């Protein structure tokens, strides 16, 4: 299954993607994750991406499309994949079409995780992420057993650099304007699937599984 996860900042793409890959085995490919890994490793890509990411702006299309094209060519994508946070603009979506046509892996469906913008600031400010595995928690909505540490590996939890108030605000502004054009693009193709993400994590996933179970 060839899938795309889309949604506004903090809608729950990572949270749902974690459950998806466990059950279906396709690689979870998050451009955000890839950019942060690059920044952590201090590579040229990371340095270029940093200036945009830190302010909450989108990283330019060319490099972003470029790292995705490279990543999707890996052997672990032979049986499917789960893109997360890409495409996030119409131009990226049209570029992906070409890339997938060449790799012979056209998209099956695009899952849009719908969540009221007015509730995203809270999901992000309350977010705590594992410094070891990258899994996310929320001080109120999905807290760890032991505060400050990951349930899975005992790793230290921290706050993402771009989860501060001003940056979160910018990320919402920037992505909201890219949102309807992208939904229209995939709606026109007919494979956009909207899922209400303002529910218990397990209920959101239950809907996702009802779709994915028909794609094996």
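Numbering follows the first chain given and starts at 1.
Per-stretch averaging of Cα B factors for 169 to 177 and 29 to 37 places 169 to 177 on top. Legend: mean Cα B-factor per stretch from the PDB entry, 6 to 14 versus 195 to 203; the higher mean is in 195 to 203. Of the candidates 83, 139, 110, 100, the deposited coordinates give 139 the top C-alpha B factor. Among all modelled residues in this chain, the alpha-carbon of residue 56 has a temperature factor (C-alpha) in the lowest third. Among all modelled residues in its chain, residue 64 ranks in the lowest third by Cα B-factor.
For residue 87, the recorded CA temperature factor ranks within the lowest third of the chain's modelled residues.
Annotation for residue 183: C-alpha temperature factor in the lowest third relative to the rest of the modelled chain, per the entry. Per the PDB record, residue ranking by Cα B-factor puts residue 93 in the lowest third of the chain.
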